[PDB]
Amino acid sequence: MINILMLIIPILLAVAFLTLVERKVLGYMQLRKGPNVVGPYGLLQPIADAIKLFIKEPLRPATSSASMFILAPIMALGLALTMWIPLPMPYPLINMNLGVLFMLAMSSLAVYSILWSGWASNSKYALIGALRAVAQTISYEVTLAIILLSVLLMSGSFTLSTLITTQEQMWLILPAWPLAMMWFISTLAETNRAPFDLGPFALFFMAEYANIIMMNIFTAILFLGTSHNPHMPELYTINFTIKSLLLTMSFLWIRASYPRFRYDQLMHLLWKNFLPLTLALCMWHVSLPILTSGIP
Amino acid sequence: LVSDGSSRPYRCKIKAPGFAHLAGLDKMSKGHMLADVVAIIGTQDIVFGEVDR
Amino acid sequence: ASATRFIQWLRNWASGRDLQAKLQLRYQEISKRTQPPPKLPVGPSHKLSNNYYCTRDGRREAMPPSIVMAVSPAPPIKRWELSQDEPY
Amino acid sequence: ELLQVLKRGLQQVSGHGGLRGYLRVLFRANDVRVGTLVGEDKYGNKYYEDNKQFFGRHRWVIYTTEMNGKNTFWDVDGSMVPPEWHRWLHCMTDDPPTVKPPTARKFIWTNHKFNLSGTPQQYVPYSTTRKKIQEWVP
Amino acid sequence: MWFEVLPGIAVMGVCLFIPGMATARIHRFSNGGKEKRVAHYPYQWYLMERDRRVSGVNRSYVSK
Amino acid sequence: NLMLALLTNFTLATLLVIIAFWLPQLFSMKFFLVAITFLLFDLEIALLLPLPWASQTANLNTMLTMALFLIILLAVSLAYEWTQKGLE
Amino acid sequence: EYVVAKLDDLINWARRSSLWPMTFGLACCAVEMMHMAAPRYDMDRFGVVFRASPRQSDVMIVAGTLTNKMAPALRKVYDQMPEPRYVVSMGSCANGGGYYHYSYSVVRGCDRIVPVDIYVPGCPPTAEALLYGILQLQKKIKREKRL
Amino acid sequence: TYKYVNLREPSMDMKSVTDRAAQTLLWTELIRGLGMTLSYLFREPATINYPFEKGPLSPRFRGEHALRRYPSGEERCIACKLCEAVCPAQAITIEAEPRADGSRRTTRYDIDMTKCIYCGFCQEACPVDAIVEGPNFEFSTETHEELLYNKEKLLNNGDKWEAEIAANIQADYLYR
Amino acid sequence: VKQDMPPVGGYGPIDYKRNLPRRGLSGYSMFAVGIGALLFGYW
Ligand SMILES: NC(=O)c1ccc[n+]([C@@H]2O[C@H](COP(=O)([O-])OP(=O)(O)OC[C@H]3O[C@@H](n4cnc5c(N)ncnc54)[C@H](OP(=O)(O)O)[C@@H]3O)[C@@H](O)[C@H]2O)c1
Ligand code: SF4
Ligand code: SF4
Ligand code: SF4
């Protein structure tokens, strides 16, 4: 079992190299240039940030409440890496009995990471500011549950392997046309900075950037796929990396282009604007496999 | 400018828009959120250098 | 691809007409070292005869008259009509 | 169109050295670009500019390896460029050792010094006070 | 230009490309046929149970 | 094994915390209603969970009348929420 | 030994590569500070980012005038900074009070409150001269941390 | 001449209402917002690599204080104290003395960079054109002692920049 | 002599707007594409 170690270390490198792409794409979106002084094209900075932030940079304790502050990174980094396990990359690491149920649960358990960090500081201004950020993460997981339950209702069971077979010639973007717009906004939930923004600082957002790639690959299975081809696993993986990274650029696009929504009006986007639309689609997606025969 | 026969102006005052716009914030903020206050300062353009006199 | 021919079609397509007037825009008609040494012109002075400071008073009429101790301050500020170039 | 842009990049690598030439420029400088050279400078600075390129194109003033005794190969700042910055790098049009030379005064230093920092031979203040003398003698 | 941006994508075309290849190429070593079977429902597990009963006592996936 | 996959992720996560600490040497009741609405909607989603799972075998005329009914009352609850919800 | 000396270079290079600042406004200098973000004189070309992050930040750049009212305000921020910290006095006010040196309300140039490592001399500190607030700082990192 | 801002509800019936309703049901203006940023990415970044490329400047620029001298040696400054009186920061300090050989010149001449707002009055108030502002940025220091310029000793080290100064002053006489 | 010559031709935006409709306005057309994508999607 070397595969688990082949889904942690190169995965953490993808999180490390994200900081460059976030600085370079947003850079070219702002007419400035990316990192260049560091390496050949600034490629030696993700390792340079790792030596800077971890080794010599210390932590001045605000209070250090015994069990917490050291427990919150375990709920952050640990739960972000467990999400990679059931992903249907050609043949997944120990394929689950139900795929998306494990996907939705560990993402909803990732809410504690920002909750325990709110308890980590003694100051009241920190926790009230923390609960406001929890309120954003807590609300958009209702829509995350609804859109998933309407996409699967079209085709496939909870297994992630069956979501590849349904997209043999046609993507799920076209039958779920309003849901494709809806799921893209609802993915901006785990402090994505594009809708609204609130141990050490370093490893805390290493889990937050990992969740961005996680949702980028999750969009690339639920809505993309093109084919499978069991004969050659290479042809799928090359095609998947292009599809996943094109959605990764779009998260660096919304963050670059659009300002903060005002927290109240972001909560007015849900319940008043999003939830009447998604439930009407949820009603519509119940009737579709009954109107025309298609219940796999 | 208040001036004498000498070359030195004894007290001059420039009442910059800072004192005018910051006086309005007692009325501008009534029945508005925390994030609304951020929008008020920018659109009025309360440059903090204005508050000198 | 970094070729200008194909890229200029993309930037023109995605919202509004571009092509001309670049982001950098410092290619042509940017004069370095300004110009050959010029001669600055003189005003109503410099030329001699009838250049007295008796005529060019400057700081002379300055003394404030103490007054007294229906009339308007000015004819009332009449409103101006809407712009001919753009109504709204 | 794409083949023409790729051929321009390959010719740019062939211009400034080659496999060892372009790699030395990419590591030391921010970006490698080919252009016409001015050449003439005290302590071998390249100053290869003249190209149209983009906005404010007095490009590539490559720093000399060890100007006075600093060994500037891996780390180099704007401490270089002896009296030529006003023409070949910033304001004027004509090249300092090619078209318009600075007039001799026999007072200005022939060798230009590096940036004054925490290293020895740094700046220090003093006063011109002769002081009020005190007289006491047996 | 894109001689700076695309190397940032090409490095992601290696590290994010690893988990797809590593999970696929590992079945060469685990199985003599490059395949691992998932049960999902008790019927396919019983087929795997009798596959271990036939010919190869220890190995799960074996021909005949 | 699933436990082998879980523990390896958590042990390396705690290992990074060891590097993070040992290696260096030198109010508002309105937000409560959000949590109330969330938890009450979760259970309706939990009841609407077996939709692409139970429809494969069961009768469609009996299910469709009940499946929409849960989403109706999920919207009827929101219809009561619209009449004076809050400033947030 | 030789192995330890080369390892200390790598720790110094980690800071020489990337420096994340908490830039203080409260000045006319603050506009020239914002000209670092301006594409013509790019600073994100280095390992420097305008994300600020007040608690995380390394090199606080004190731009311009420091009054007696803001004097205890900047000091408590400096104490909350992590141990590898540098202070850049940006502008003539931050150096020793360009103007307002003889005024009652202005502290005479930062050093009386917070120790300064690199001085930036110019009133409007030109984005040319301000890149000595980064590159000269990066040059000055030798440290010679032997033991 | 009276412009207006508000359009006062452009929508009336069917055609003018539904398209305004379209940018709220679906997005479109988000795609239109995406379009301007898309064209902005493809156009070349206007960036200057500082140690190799330099930003554009003027023939008459103020930044570095250095006192000039005549072509045949001899200190150009006269110790009028004129530049002291004009100085708005009151930065420049000056003590005058005869040089025992008839000529009236300088002894103490400190222009501290702790003060001075680089206004360039001393450049324009000097009748002999002693202080000419050299186009320099290379003077960032570790200490105050290293920063504030001493009695001519570091200012006559501005002779190393006098090759630019003599060329840049050719825009000053007969102004620009 | 220092003087200024007027090069006036394209002065700029004298209350002029470049906000023009692009890639086809909605109204009824984009809805026909939207519902059309659904009908092609389900079939
Ligand atoms: N309250 C008390 O603890 C107490 C009680 C009674 C008497 N005292 C006396 O009062 C003094 C208080 O000082 P302290 O204990 O507070 O000092 P300390 O905190 O131990 O610090 C000593 C500093 O001096 C430098 N240093 C010491 N010996 C050195 C050497 N041989 N070569 C080079 N550098 C040297 C070290 O720098 P490097 O690390 O760079 O070498 C170190 O930073 C002591 O000397 C002690 O005799 C103190
Ligand atoms: S140094 Fe100049 S620009 Fe900076 S704060 Fe002081 S007066 Fe303003
Ligand atoms: S610098 Fe000029 S004005 Fe000042 S004392 Fe010297 S000669 Fe006189
Ligand atoms: S530039 Fe202005 S403030 Fe500076 S020394 Fe000269 S006169 Fe004084």
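The rules behind these values
- Residues numbered from 1 in each chain as written, not as in the entry; some residues may be left out.
- Chains lettered and ligands numbered in written order.
- Part of a larger assembly, values for the part shown.
- Heavy atoms only, no water.
- Residues with missing side-chain atoms left out of burial classes, pairs and counts.
- Helix = DSSP H or I, 4+ residues; strand = E, 2+ residues; numbered from the N terminus.
- Rg over C-alpha atoms; globule rule 2.2 N^0.38 Å.
- Buried < 20%, exposed > 50% of the residue type's maximum accessible area, 1.4 Å probe, protein only.
- Contact = heavy atoms within 4.5 Å.
- Areas by Shrake-Rupley, 256 points an atom, 1.4 Å probe, with all protein chains shown as cover.
- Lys, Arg positive; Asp, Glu negative; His and termini not counted.
- Charge placed at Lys NZ, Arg CZ, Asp CG, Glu CD.
- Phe/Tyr/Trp six-rings, centres within 6.5 Å; stacked < 30°, edge-to-face > 60°.
- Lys NZ or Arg CZ within 6 Å of the ring centre and 35° of its normal.
- Salt bridge = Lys/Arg side-chain N within 4 Å of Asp/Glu carboxyl O.
- Pairing = 2+ DSSP bridges.
- Axes fitted to C-alpha atoms, helices over the stretch in contact; angles between N-to-C directions.
- UniProt positions renumbered as here; feature names shortened; annotations may be inferred.
- Nonpolar A, V, L, I, M, F, W, Y, C, P; charged D, E, K, R; others polar.
- Parallel < 35°, antiparallel > 145°, perpendicular 65-115°, else oblique.
- Left-handed = near helix turned anticlockwise from the far one by under 90°.
- Right-handed = clockwise from strand over helix to strand, strands pointing away.
- Polar contact = N/O pair within 3.5 Å; in protein donor to acceptor, adjacent residues only side chain to side chain.

This entry, as listed in the PDB, derives from cryo-EM and reports a resolution of 4.13 Å.

A. Highlighting the overall build of chain G. For chain G, the helix and strand inventory stands at 6 helices and 3 strands. Each helix and strand of chain G, placed in order from N terminus to C terminus, yields the pattern α-α-β-α-β-α-β-α-α. Against the 2.2 N^0.38 benchmark of 15 Å for 147 residues, chain G shows a C-alpha radius of gyration of 16 Å, consistent with a compact globule. Across its three principal directions, the C-alpha atoms of chain G cover 55 × 35 × 25 Å. With 147 residues in all, chain G has 60% of them scored as buried. Counted over contacts in chain G with a minimum sequence separation of 6, partners at least 24 positions apart contribute 79%. Of the roughly 6,600 Å² of accessible surface on chain G, 61% is carried by carbon and sulfur atoms. Chain G carries 19 positive and 13 negative side-chain charges, and their two centres are separated by 4 Å.

B. Looking closely at the overall build of chain E. Across its full length, chain E carries 5 helices and 0 strands. Element order for chain E, N to C, with α for helix and β for strand: α-α-α-α-α. Computed over the C-alpha atoms, the radius of gyration of chain E is 19 Å, more than 25% above the 11 Å expected from 2.2 N^0.38 for a compact globule of 64 residues. C-alpha atoms of chain E, sized along the principal axes, occupy 60 × 25 × 15 Å.

C. Representation of the arrangement of the chains within the structure. Looking across the 18 pairs of chains in contact, one finds the most contacts between chains A and F. Regarding chain B and chain F, which are not in contact, the minimum distance between any of their C-alpha atoms is 9 Å. A gap remains between chain F and chain I, with no contact made and the closest C-alpha atoms lying 17 Å from each other.

D. Structural detail: the packing of aromatic side chains. With centroids separated by 6.4 Å and ring planes inclined at 55°, the aromatic side chains of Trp284 of chain A and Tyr42 of chain I adopt a geometry described as tilted. With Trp284 of chain A in helix α13 (residues 275–291) and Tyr42 of chain I in helix α1 (residues 29–42), this residue pair bridges two chains. For the ring pair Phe139 of chain H and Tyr149 of chain H, a centre distance of 6.4 Å and an interplane angle of 40° mean the geometry is tilted. With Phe139 of chain H in the loop between β4 (131–134) and α5 (144–147) and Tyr149 of chain H in the loop between α5 and α6 (162–168), the pair connects residues that are 10 residues apart, well separated along the chain. Every member of this aromatic cluster is reached through a ring pair, and the members are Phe201, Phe205 and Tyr209 of chain A. The ring of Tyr78 of chain G carries the charged tip of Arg85 of chain G above its face, separated from the ring centre by 4.6 Å.

E. Region of the structure containing the pattern of salt bridges. The residue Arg60 of chain A makes a salt bridge to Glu83 of chain G at a minimum N-O spacing of 3.3 Å. Residue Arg60 of chain A is found in the loop between α3 (45–56) and α4 (72–82), and its partner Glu83 of chain G is found in the loop between α3 (71–80) and β2 (86–90); the two belong to separate chains. The partner of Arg262 of chain A in a salt bridge is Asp36 of chain B, and the shortest N-O contact between them spans 3.0 Å. Pair noted here: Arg262 of chain A is in the loop between α11 (234–257) and α12 (263–269) and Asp36 of chain B is in helix α2 (residues 34–44), and the two residues belong to different chains.

F. Structural context of the sheet that holds strand β1 (residues 59–63) of chain G. Residue and element names in this part refer to chain G. Overall, parallel pairing links the 3 strands, which are arranged β1-β2-β3 in an open sheet. The outermost strands of the open sheet, each flanked by one partner alone, are β1 and β3 (118–120). Neighbouring strand axes in the sheet, compared pairwise and without regard to direction, differ in orientation by 20° on average. Here β1 pairs with β2 via 5 bridges, running parallel. Pairing of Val62 across the sheet is with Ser89, part of β2.

G. Region of the structure containing the UniProt feature "transmembrane region" in chain E. The positions UniProt marks with the feature "transmembrane region" are residues 1–21 of chain E. Taken end to end, residues 1–21 of chain E has its terminal C-alpha atoms 31 Å apart, with 81% of it in helix and 0% in strand.

H. Expanded view of unusual backbone geometry. One non-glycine residue with positive phi stands out, namely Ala52 of chain G, at about 65°. Here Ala52 of chain G shows up in the loop between α2 (29–34) and β1. Its identity is not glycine, yet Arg23 of chain I carries a phi of approximately 60°, on the positive side. With respect to the element layout, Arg23 of chain I can be found in the segment before α1.

I. How the structure looks around the interface of chain A and chain H. On the chain H side, the residues contacting the 15 residues of chain A number 14 residues. Elements represented by at least two residues in the side of chain A that touches chain H include exactly α2 (18–28), α9 (177–186) and α11 of chain A. For the side of chain A that touches chain H, the class distribution of residues is 11 nonpolar, 2 polar and 2 charged.

J. Structural view of the packing of α3 of chain A against helix α1 (residues 2–17) of chain G. At a minimum axis distance of 8 Å, the contact between α3 of chain A and α1 of chain G shows a crossing angle of 110°. Between α3 of chain A and α1 of chain G, the angle is such that the two are roughly perpendicular. The hand of the α3 of chain A/α1 of chain G crossing is left-handed. In this structure, α3 of chain A contributes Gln45, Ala48, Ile51, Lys52 and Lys56 of chain A to the contact, and α1 of chain G contributes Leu10, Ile11, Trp13, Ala14, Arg15 and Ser17 of chain G. When the residues that make up the contact of α3 of chain A with α1 of chain G are grouped by side-chain class, the tally is 6 nonpolar, 2 polar and 3 charged.

K. View of the pairing of β2 of chain G. Residue and element names in this part refer to chain G. Following the backbone out of β1, through α3 and into the adjacent parallel β2, one traces a crossover that is right-handed. Pairing of β2 with β3 involves 3 bridges; the strand directions are parallel. Note on β3: the bridge partner recorded for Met90 is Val120.

L. The environment of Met113 of chain H, seen in detail. Along the chain, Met113 of chain H turns up in the loop between β3 (104–111) and α4 (121–125). It is 30 Å that separates the C-alpha atoms of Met113 of chain H and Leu174 of chain H, two residues lying 61 residues apart in sequence.

M. Layout of the interface of chain A and chain F. Taken together, the contacts link 53 residues of chain A with 46 residues of chain F. When residues of the side of chain A that touches chain F are traced back to their parent elements, those giving at least two are α3, α4, α7 (124–154), α12 and α13 of chain A. Counting residues per element, the side of chain A that touches chain F draws most heavily on α7 of chain A, which supplies 10 residues. Of the residues belonging to the side of chain A that touches chain F, the class tally is 41 nonpolar, 8 polar and 4 charged.

N. Geometry of the packing of α2 of chain A against helix α10 (residues 201–222) of chain A. Residue and element names in this part refer to chain A. Interhelical geometry of α2 versus α10 gives an angle of 70° and a closest axis separation of 11 Å. Between α2 and α10, the angle is such that the two are roughly perpendicular. Contact residues: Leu18, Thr19 and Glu22 in α2; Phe205, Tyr209 and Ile213 in α10. Per-class residue counts for the contact of α2 with α10 are 4 nonpolar, 1 polar and 1 charged.

O. Summary view of the pairing of β3 of chain H. Residue and element names in this part refer to chain H. Two elements, strand β2 (residues 92–98) and β3, share 7 bridges in a ladder whose sense is antiparallel. In the sheet register, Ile94 faces β3, and the bridge partner there is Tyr109. Connecting the antiparallel pair β2 and β3 is a turn made up of 5 residues, with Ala100 showing a positive phi of about 55°.

P. Examining the side chain of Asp42 of chain G more closely. Inspection of the secondary structure puts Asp42 of chain G in the loop between α2 and β1. Within polar-contact distance, the side chain of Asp42 of chain G engages the backbone nitrogen of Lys33 of chain A at 3.2 Å. Reaching out from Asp42 of chain G, the side chain makes a polar contact with the backbone nitrogen of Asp44 of chain G at a distance of 3.3 Å. Beyond its immediate stretch of four places on either side in the chain, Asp42 of chain G contacts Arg32 and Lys33 of chain A, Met36 and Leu131 of chain G together with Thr47 of chain H.

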